[PDB]
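To start, the structure under review is shown below, and the notes come after it.
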Amino acid sequence: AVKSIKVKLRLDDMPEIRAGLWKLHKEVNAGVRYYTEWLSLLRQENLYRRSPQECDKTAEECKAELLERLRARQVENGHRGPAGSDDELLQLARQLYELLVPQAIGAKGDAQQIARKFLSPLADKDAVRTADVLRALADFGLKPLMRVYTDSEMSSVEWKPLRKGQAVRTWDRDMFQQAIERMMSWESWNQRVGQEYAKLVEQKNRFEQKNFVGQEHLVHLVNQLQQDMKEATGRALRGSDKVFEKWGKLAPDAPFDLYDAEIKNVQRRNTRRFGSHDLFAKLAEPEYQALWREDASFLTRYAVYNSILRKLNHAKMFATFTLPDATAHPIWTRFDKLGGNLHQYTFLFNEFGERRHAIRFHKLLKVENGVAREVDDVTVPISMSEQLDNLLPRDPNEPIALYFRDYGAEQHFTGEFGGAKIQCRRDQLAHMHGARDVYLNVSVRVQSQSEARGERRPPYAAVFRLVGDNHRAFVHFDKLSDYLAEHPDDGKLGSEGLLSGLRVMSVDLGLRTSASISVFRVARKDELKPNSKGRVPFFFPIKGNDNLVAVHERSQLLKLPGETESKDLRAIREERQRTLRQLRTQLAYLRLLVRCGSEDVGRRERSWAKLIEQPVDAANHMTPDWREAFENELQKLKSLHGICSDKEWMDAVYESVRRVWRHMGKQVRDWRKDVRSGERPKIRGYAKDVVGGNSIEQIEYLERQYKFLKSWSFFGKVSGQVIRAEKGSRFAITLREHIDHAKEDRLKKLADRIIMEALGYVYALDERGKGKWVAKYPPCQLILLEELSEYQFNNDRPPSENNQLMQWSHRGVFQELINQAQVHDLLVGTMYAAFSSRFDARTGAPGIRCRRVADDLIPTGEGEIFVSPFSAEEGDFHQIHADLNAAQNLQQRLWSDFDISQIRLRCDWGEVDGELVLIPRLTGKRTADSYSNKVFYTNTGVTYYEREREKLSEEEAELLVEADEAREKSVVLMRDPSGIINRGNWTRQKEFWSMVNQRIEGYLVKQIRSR
RNA sequence: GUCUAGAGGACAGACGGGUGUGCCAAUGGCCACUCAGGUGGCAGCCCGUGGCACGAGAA
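Residue numbers for the first sequence, in PDB author numbering: 2 to 53, 59 to 134, 174 to 277, 292 to 492, 496 to 915, 948 to 1043, 1054 to 1115.
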């Protein structure tokens, strides 16, 4: 529970110090640059890499450079020999590196310890299995090995004098330790990035091994195709099933025009979604063997290989090396909490007033009149912050003791100041050499109540395993009965009630509603379990106990402010984007006209034909003045179409395109000026319904702007007026920042949102006035997240649910959850979520979603409410909210010890007894436990029956398997627990879901009855 | 009214003081050099009916 509080030093009156701060900074960095340069040098090896990747130093260059330093060193401390063989001296240097960085050889080390131990023999003449290394070193005349930076030429600074036969000032220590700490990190980072590349190469190389199977020629053909295309695949190639089915009728040695026509046929059926015409058109020629000759699958299979192939192409072998620079690569001056050894500081409460604090620096430095000398005790004011107002001091006599305070949470925590770092914006750093803002980053160590009670881990972590970090969750089932009596039920409802009862909250993440949470309490069945106000509660059996069951307390929908829906609201939302929708629709055709330019042929005709007369330029969404202007240049192109020569035509477009490009620039310029600075209504206080943030829609909307501007500009460079070299600077530096902070702010609030609920505090507006957290319900020990991908499973969640934002959001929340959750001891756990939205809890049988993403009723589409068959086969249909039910599923999965082996099975054809069978993918038990030496067979080929007899790489399991799917090689089976859908047998996957559609699609369609 | 999870339920109806980081309709203004976008130089908002969060560090 280290929280970091950054504060701004009002280093305003004293510019004697401000320069000092800056001088410190530059100075520390030089120190670290010194040692760190020694260390990089200090391994006899190894090639050092720096991208502009090019390797800055070999190999020998490090070795040749190091010897000189050493031999120069031997000369500096008078040596009467021996001076080691160069070769053997090198070994010692290597041996020393490793002790200095244990991580280099995959071991462990503490920079605090290794700095404490090693500096004095290294940097000191002592006068005014490591010990082999040091004794060996002095034998060779290399003590001290390295200069001490502050007591040196390099430092332009007058420090406080050195006495008492100590050769190292405190700072020489901090700089050394930083230098080690840094290498230790770098060494483990370089090893990881180097490894990932090989696993990419090795895993990629599998796909080449299994899939292409001695048919090089096809591969070469596409290689040859791609270059044909770039001369003057991915998942563009959307209609290949259909385009390729139809072509089969057509003949090789046949006219192309017949081929082009089929592409046009599928474009209309499948528009919007179609692969580039050009890819297909290119396909049409005598090169159609790639489609033409089985496998047909090959391009679709290949497209994946190209996915992987790029990734290694875009992935790097070595972690690049840069030495710190004050300005380019800053590292920060570091301090220590009062006590402990090195430079220290003291937080002063209310030093200059109430709520006005300051920081006393034992050992700050200051420059006067261009002379930089050291100073002893300095206090610096500090801008008042809300964050500071939170913390408190427990004992004046022992400083560094603070009460860290949370209100609602009803806890008051205890703790201490850790050490600080002084740092500024990285934007300013180039500027500094001048009033540039400076902050102090101060760590804060906070003791959870469990940490305070002296408990090593809280009482209930005994009962819940977690794993993989990526915490997985499993319950210990014996221990629930034990546990509960020791900690039985209570009124206690705050942070207080943590010991008292056992509770789990399950949270599902979704775009419309940020979290849907489910709370279940564990109580004995056949006790008061029947006692319910009014109706009996809903529950789940637990695997361990026949008198223990999980009672559901409440299920809720947690929404960030932006979530609410309304007529007034929807209106405002569509206005916001109206211009942007138009501008993107305008550019699309502006980019189309360019296509008319060709040069390469075929492109010119296809592009030309579509634009002019079919159906027409789109009135529906364009901005009108453009609509006219386009129609103008549109007529103009037509008149001159037969008449003009190829140049007259090509150069007519260029000039024609300029005409519309320029007009847009005013629209763009106009619009950016409005969004960038304009009147808009901005809320005050708390407004229940608000317009965008913190929703995904709002975040999305800001991205979309950025990602348009990147294209408006990019267009100009490709075709149109501009040609310019691209400088390092990226787009929309202001916007990029905004967005990222929106995003930061989103998920931090999303944690606190989820985190408050577990503790069962609700935020009640009245008066609002003041709305304050008031505790409501007893707290929940454990929090259940769901798991993340890759990969995206067929028939679990629409893609609408899956986009970089959702993935990013998932990742962000988990992290902030485990981080936020720490202070008050809440476990954070995850549960496989696959088909947690597809099946019921607890029929529980497969379903579909309805009605909506007159007054509508019952229609079926993805989102937002689940419906399923019950008990069974009409029977009846059971209706449930969609994301509420995913959460409830998570709970069932916990309590019953779910493994996905229960529902799904990946397997491929092999023959065991002169019979073809599906033989499972055994990785990894429970699946292995259940299904080892079981084998599946069919008579139908749709429904399957079971007869008797180290790497998991899940991310890569589906990918190798989806292609196996493309051939007949692999089949997936899925099964209903309920026995409703197929009699409960394993059914091939695709049929299984259709049977599911037909089952509910049918009653619903039928219920309509008469016209 | 409909639906199950029985619940915050989902769906319909002038003076004085401050300015740690950001979000919430929340992406500063002006001029000059090479419609977007950089690069260089110059000079609002809250509090005494405004809300919300916040470990940071490195890439």
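All C-beta atoms, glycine included, are put in the ideal place defined by N, C-alpha and C.
Within the segment 505–587, the complete beta strand (DSSP E) segments at least 3 residues long are 526–529, 534–537, 565–571, 577–586, listed from N- to C-terminus. Contact between the segment 852–867 and the segment 544–556 is absent, with fewer than three C-beta pairs closer than 8 angstroms. The bridge partners DSSP lists for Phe1030 are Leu1012, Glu1040.
Within the same chain, and ignoring the five residues on either side of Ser718 in sequence, the residues whose Cβ sits closer than 6 angstroms to its Cβ are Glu695.
By the neighbour-count criterion, in which a residue is buried when 16 or more other Cβ atoms sit within 10 angstroms of its Cβ, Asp132 is exposed. The C-beta of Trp1003 has fewer than 16 other C-beta atoms within 10 Å across all chains shown, which makes the residue exposed. Given a length threshold of 3 residues, each whole run of the beta strand (DSSP E) inside the segment 959–1015 is given here in chain order: 959–964, 970–975, 998–1005, 1010–1014.
Every alpha helix (DSSP H) of 4 residues or more that sits fully in the segment 776–854 is shown, in chain order, as 795–820.
At a Cβ-Cβ threshold of 7 angstroms, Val246 and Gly298 do not count as neighbours. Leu889 places its beta carbon 7 angstroms or farther from that of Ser576. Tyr1025 counts as buried, since no fewer than 16 other beta carbons sit within 10 angstroms of its beta carbon.
Ranked by Cα distance from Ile994, the first of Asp977, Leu1016, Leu978 is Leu1016. Contact check for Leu1077 against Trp1090 passes: the beta carbons are separated by less than 7 angstroms. Non-local beta-carbon contacts of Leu631 in its own chain, meaning distances under 7 angstroms to residues more than five positions away in sequence, involve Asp751, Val753 in chain order. The continuous stretches of beta strand (DSSP E) do not include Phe411, and DSSP gives it neither H nor E. Per DSSP, reduced to three states, the secondary structure at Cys912 is strand.
For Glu60, the uninterrupted beta strand (DSSP E) segment begins and ends at 60–63. Taken in chain order, the complete beta strand (DSSP E) segments of 3 residues or longer contained in the segment 862–908 are 889–893. Taking a C-beta distance under 7 angstroms as the contact criterion, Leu12 and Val434 do not qualify as a contact pair. Take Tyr1039, set aside five residues on each side of it, and the residues of its chain with a beta-carbon closer than 6 angstroms to its own are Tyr1031, in chain order. Straight-line spacing of the CA atoms in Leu451 and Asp499 works out to 26 angstroms.
Of the other Cβ atoms in all chains shown, fewer than 16 fall within 10 Å of the Cβ of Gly87; this residue is therefore exposed.
Residue pairing from DSSP leaves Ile225 without any beta-bridge partner.
By the criterion of a C-beta distance shorter than 6 angstroms, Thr796 is surrounded by no residue of its chain, once the five residues flanking it on both sides are discounted. In this structure, the alpha-carbon of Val569 lies about 28 angstroms from that of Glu548. Here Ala129 is buried. Its C-beta has 16 or more other C-beta atoms within 10 Å. With fewer than 16 neighbouring CB atoms inside 10 Å of its own CB, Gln240 falls in the exposed class. Sorting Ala468, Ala903, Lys805, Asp608 by C-alpha distance to the C-alpha of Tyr823 places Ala468 at the top. Only exposed fits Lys595, as fewer than 16 other CB atoms lie within 10 angstroms of its CB. A contact between stretches requires three or more CB pairs, one per stretch, nearer than 8 angstroms, and the segment 107–121 meets this requirement with the segment 223–235.
Counted as a single uninterrupted DSSP element, the beta strand (DSSP E) harbouring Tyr49 occupies residues 49–51. With a cutoff of 7 angstroms on beta-carbon distance, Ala907 and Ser962 are scored as near each other. The bridge partners DSSP lists for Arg1092 are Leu1077. Taking all protein chains in view, the Cβ of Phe793 is surrounded by fewer than 16 other Cβ atoms within 10 Å, so the residue is classified as exposed.
Excluding sequence positions up to five before and after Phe971, its CB lies within less than 8 angstroms of the CB of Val961, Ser962, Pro963, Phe964, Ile1104, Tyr1107, all in the same chain and listed in chain order.
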